[PDB]
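Chemist: Below are the structure tokens for one structure; questions will follow.
Number of protein chains: 2
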Amino acid sequence: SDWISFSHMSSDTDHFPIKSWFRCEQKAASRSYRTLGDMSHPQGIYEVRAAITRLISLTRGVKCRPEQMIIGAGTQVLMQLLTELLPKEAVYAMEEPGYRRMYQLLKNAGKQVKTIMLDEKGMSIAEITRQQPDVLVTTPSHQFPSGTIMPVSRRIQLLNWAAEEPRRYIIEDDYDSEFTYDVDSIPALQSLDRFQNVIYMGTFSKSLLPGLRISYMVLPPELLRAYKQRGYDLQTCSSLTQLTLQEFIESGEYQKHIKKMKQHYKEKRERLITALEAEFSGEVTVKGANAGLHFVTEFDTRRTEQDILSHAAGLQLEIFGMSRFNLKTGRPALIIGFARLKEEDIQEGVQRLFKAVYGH
Amino acid sequence: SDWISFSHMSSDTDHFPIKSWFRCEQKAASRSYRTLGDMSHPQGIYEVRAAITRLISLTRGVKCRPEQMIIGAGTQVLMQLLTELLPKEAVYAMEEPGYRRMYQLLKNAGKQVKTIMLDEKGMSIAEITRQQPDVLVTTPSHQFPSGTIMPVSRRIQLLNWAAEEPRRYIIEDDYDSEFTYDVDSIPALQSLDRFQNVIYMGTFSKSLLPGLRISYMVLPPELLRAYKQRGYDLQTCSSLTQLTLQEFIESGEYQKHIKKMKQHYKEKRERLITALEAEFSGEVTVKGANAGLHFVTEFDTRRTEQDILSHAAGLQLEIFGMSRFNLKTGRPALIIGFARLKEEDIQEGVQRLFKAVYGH
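Chains as they are written, first to last, in UniProt numbering: chain A, 107 to 434, 440 to 471; chain B, 107 to 434, 440 to 471.
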């Protein structure tokens with residue numbers, strides 16, 4: 107496999123400190139071995155929840171007490187639980203383009219899902235208003251996949267909407283929030299909300315490995331009450347995994363990791379854009395590269411997206427199409448993730464793109 | 107600080123080879139690091155599924171491919187998924203006494219659950235006939251908590267019932283199946299399943315640790331088709347955990363540990379029963395002491411079950427009554448779980464019990 111990954115779903119393992127993670131695991135195991143034979147508090151070990159709460163209040167400005175947070179074997183399990191905590195009759199609203207997987211999860215749940223188009227400011231509040239939903243699912247920090255950062259003004263608009271009527275909720279998926287390059291950090295929607303209409307959700311898939319399977323959500327106390335009233339849920343994250351995370355955070359290894367990785371990803375995104383402009387001369391349009399670990403490139407060709415993809419897979423370039431993120440064509444648009452893209456493989460990689468874009 | 111536990115819920119941390127597990131973890135990691143930035147296959151990494159499939163076909167006669175198996179961070183998320191694969195209008199049935207947690211999950215989902223009492227051969231097929239459910243939840247190998255082992259005749263009656271009408275299924279929870287001591291083990295129900303009515307669910311929580319969170323389920327092809335039709339699921343079980351378990355199995359460490367713990371518990375259960383018959387003069391009756399990590403004792407008293415339990419909290423002896431396992440009285444019976452009972456605490460424990468019942 108002499109592959110090159112322009113994939114957004116992967117993360118580069120060479121710069122994760124796996125020995126540090128493993129040493130954090132051993133520290134946690136020896137500090138807490140006696141209590142490992144317990145099954146965690148269903149919301150997650152309290153001290154781990156406390157570590158995450160301090161962490162996210164620091165980095166993102168999130169305001170919560172650890173009692174509000176639930177862990178977490180992935181955002182998909184948390185989101186399922188969340189649909190059971192929300193009113194059963196709620197009408198959901200997701201960004202178009204967006205996460206088809208959650209769209210299918212919601213439809214499969216018999217829910218009504220309205221797809222909300224985007225504009226230069228993020229998910230379209232005008233379409234939200236026209237279609238009149240109950241629950242919004244949004245990616246304000248770095249829209250997925252379009253990469254649009256939602257400006258504060260649009261955030262204000264969404265919060266005003268949520269607050270003008272009862273039992274309206276905003277699910278803020280703060281995927282990709284650890285990295286914000288030549289823009290500065292904008293605080294989360296939750297931190298701008300005065301009325302607790304926001305379910306903040308975050309994950310460690312990108313700040314760590316995806317195979318580690320940990321995410322978390324912060325409930326409004328009304329939904330938290332609805333949670334506690336269940337009485338039968340069990341934690342899906344292994345206790346050691348929770349404790350290794352808590353050590354990794356509290357040792358300062360996580361902040362060290364993130365700082366170094368931000369510098370690394372900033373430089374790699376500059377290099378990739380420069381290679382893209384050299385190879386494609388300015389016949390590629392790049393969009394949504396302000397933050398996060400991916401951007402969009404639209405090209406222009408008489409090749410269908412599907413045949414471009416079929417031909418990039420032959421050159422062993424791993425890359426995906428924007429058409430994948432339709433929930434519910441006109442030009443080729445592609446998603447370029449530079450998480451796993453090796454820094455020595457840029458030119459070669461971009462070359463494999465030109466030949467897959469064109470044929471030469 | 108001087109507690110003695112006759113709990114089933116307990117799990118040996120002391121005689122769990124955590125160093126062997128950690129060495130299997132690092133071996134798996136050096137061999138498979140570059141795939142830890144990848145997301146697992148949603149059913150689970152194929153090779154972990156194959157390792158488990160070979161294991162369970164050996165130890166329990168289970169007939170399946172890895173293609174049919176789903177993992178699995180605990181048996182409850184597998185259960186929830188399962189209720190989604192099964193017809194939305196299914197009527198469930200659970201043993202009484204049984205697992206109140208699942209009863210609670212099923213009811214909180216809006217499902218009608220029937221409770222089905224036991225007779226000498228296990229789940230009462232006469233009551234299943236009478237109350238007319240669609241889906242059975244059963245523990246044929248060692249009924250929880252009664253210790254009753256369902257004989258082949260009753261298994262065939264259950265299979266026949268499921269064969270006679272559409273949309274009838276049997277969930278076989280092989281929760282306690284790693285330890286069956288001085289009775290030659292019966293094969294799983296699943297091994298008798300000619301018409302593919304049985305969903306087999308097993309777990310490693312009992313056989314390694316509860317906090318480790320790894321369980322699995324074997325789906326009949328129609329249900330597997332139902333699952334692949336979803337197309338949105340993601341593996342909840344940490345890829346690291348999956349790989350560590352595959353190394354643990356294939357290095358032969360799992361089989362070593364199980365042979366050792368099996369022998370340990372055989373000898374401990376025999377010693378415990380010896381001590382019981384010595385101290386209680388034949389005014390104790392022991393039921394289902396053949397396998398698993400528990401059995402049932404019935405005594406003589408004036409005291410409410412709450413009285414024996416209450417007086418045992420004052421001898422610092424943790425124990426459970428059969429009325430705990432109603433899915434919602441007329442005498443006391445208790446369940447003795449020798450899982451984390453220390454071998455030096457047997458005689459003392461039984462001594463405490465004789466006073467806990469009486470107070471002489």
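We put the CB at the ideal spot given by N, CA and C, even for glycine.
Can you list the beta strand (DSSP E) stretches of 3 or more residues lying completely in the segment 145-186 of chain A, in chain order?
Modeler: 175-178
Chemist: By the three-class DSSP mapping on this structure, what secondary structure does residue 389 of chain A have?
Modeler: coil
Chemist: In its own chain, which residues sit with a C-beta less than 8 Å from the C-beta of residue 302 of chain B, not counting the 5 before and 5 after it?
Modeler: 326, 327, 328
Chemist: Tell me which same chain residues have a C-beta within less than 7 Å of the C-beta of residue 367 of chain A, skipping the five on either side of it?
Modeler: Once the five neighbours on either side are set aside, the close Cβ partners of residue 367 of chain A are 121.
Chemist: List, in order along the chain, the chain A residues whose C-beta lies closer than 9 Å to that of residue 145 of chain B?
Modeler: 115, 116, 311, 316, 317
Chemist: Given residue 453 of chain B, which residues of its chain have a CB within under 6 Å of its CB, disregarding the five upstream and five downstream residues?
Modeler: If we look at residue 453 of chain B and ignore the five residues flanking it on each side, it has no Cβ neighbours.
Chemist: Can you say whether residue 186 of chain A is buried or exposed, counting buried as having 16 or more other CB atoms within 10 angstroms of its CB?
Modeler: buried
Chemist: DSSP puts residue 308 of chain A in a beta bridge; with which residues?
Modeler: A/322
Chemist: Output the residue ranges of the beta strand (DSSP E) runs that lie fully inside the segment 204-277 of chain A and measure 3 residues or longer, sorted by chain position.
Modeler: Within the segment 204-277 of chain A, the complete beta strand (DSSP E) segments of 3 residues or longer fall at 219-225, 241-244, listed in chain order.
Chemist: Any C-beta of chain A within less than 7 Å: which residues of the segment 271-304 of chain B qualify?
Modeler: none
Chemist: Taking 8 Å as the threshold (C-beta atoms), are residue 465 of chain A and residue 385 of chain A in contact?
Modeler: yes
Chemist: Using only the alpha-carbon positions, how far apart do residue 447 of chain A and residue 417 of chain A sit?
Modeler: Rounded to whole angstroms, residue 447 of chain A to residue 417 of chain A spans 16 Å at the Cα level.
Chemist: Between the alpha carbons of residue 159 of chain A and residue 364 of chain B, how many angstroms are there, rounded?
Modeler: 40 Å
Chemist: So with Cβ pairs under 8 Å, would you call residue 124 of chain B a contact of chain A?
Modeler: yes
Chemist: If we count the other Cβ atoms within 10 Å of its Cβ and call it buried at 16 or more, is residue 251 of chain B buried or exposed?
Modeler: buried
Chemist: Establish whether the CB of residue 350 of chain B and some CB of chain A are separated by less than 8 Å.
Modeler: no
Chemist: Rounded to whole angstroms, what is the Cα-Cα separation between residue 217 of chain B and residue 138 of chain A?
Modeler: Going from the Cα of residue 217 of chain B to the Cα of residue 138 of chain A covers about 39 Å.
Chemist: Skipping 5 residues on each side, what residues in its chain have a beta carbon closer than 7 Å to that of residue 299 of chain A?
Modeler: 265
Chemist: Would you call the segment 351-359 of chain B and the segment 127-147 of chain B in contact, with 3 or more CB pairs under 8 Å?
Modeler: The segment 351-359 of chain B is in contact with the segment 127-147 of chain B.
Chemist: Check residue 420 of chain A in the structure and name its three-state DSSP category.
Modeler: helix
Chemist: Between which two residues does the beta strand (DSSP E) harbouring residue 403 of chain B extend?
Modeler: First-last of the beta strand (DSSP E) with residue 403 of chain B: 400-404.
Chemist: Taking the alpha-carbon positions, what's the residue 426 of chain B to residue 339 of chain A distance?
Modeler: 21 Å
Chemist: Using only the alpha-carbon positions, how far apart do residue 336 of chain A and residue 442 of chain A sit?
Modeler: 49 Å
Chemist: CA-CA distance, residue 356 of chain A and residue 319 of chain A?
Modeler: 19 Å
Chemist: Under 8 Å between C-beta atoms, does residue 137 of chain B make it to chain A?
Modeler: no
Chemist: Return no unless some Cβ of chain B is closer than 8 Å to the Cβ of residue 322 of chain A.
Modeler: no
Chemist: Distance cutoff 8 Å, beta carbons only. Does residue 332 of chain B sit that close to anything in chain A?
Modeler: no
Chemist: Residue 239 of chain A: buried (16+ other C-beta within 10 angstroms of its C-beta) or exposed?
Modeler: buried
Chemist: Where do the ends of the alpha helix (DSSP H) carrying residue 425 of chain B lie?
Modeler: Premise fails: residue 425 of chain B is in no alpha helix (DSSP H) and is neither H nor E.
Chemist: Just by C-beta distance, which residues in the segment 178-193 of chain A are closer than 7 Å to chain B?
Modeler: Under the 7 Å Cβ criterion, the segment 178-193 of chain A contributes 179, 180, 182, 183.
Chemist: Roughly how many angstroms lie between the CA atoms of residue 290 of chain A and residue 226 of chain A, to the nearest whole one?
Modeler: 18 Å
Chemist: By a C-beta neighbour count over all protein chains shown, 10 Å radius and 16 as the cutoff for buried, is residue 108 of chain B buried or exposed?
Modeler: exposed
Chemist: Any beta carbon from chain A within less than 8 Å of residue 214 of chain B's own beta carbon?
Modeler: For residue 214 of chain B, the answer is yes, since a Cβ of chain A falls inside 8 Å of its Cβ.
Chemist: Checking contacts by CB at 8 Å: is residue 336 of chain B closer than that to chain A?
Modeler: yes
Chemist: Taking the CB atoms as reference points, tell me whether residue 177 of chain A and residue 296 of chain A lie closer together than 8 Å.
Modeler: no
Chemist: Just verifying my parser: in three-state terms, what is the DSSP assignment at residue 383 of chain B?
Modeler: helix
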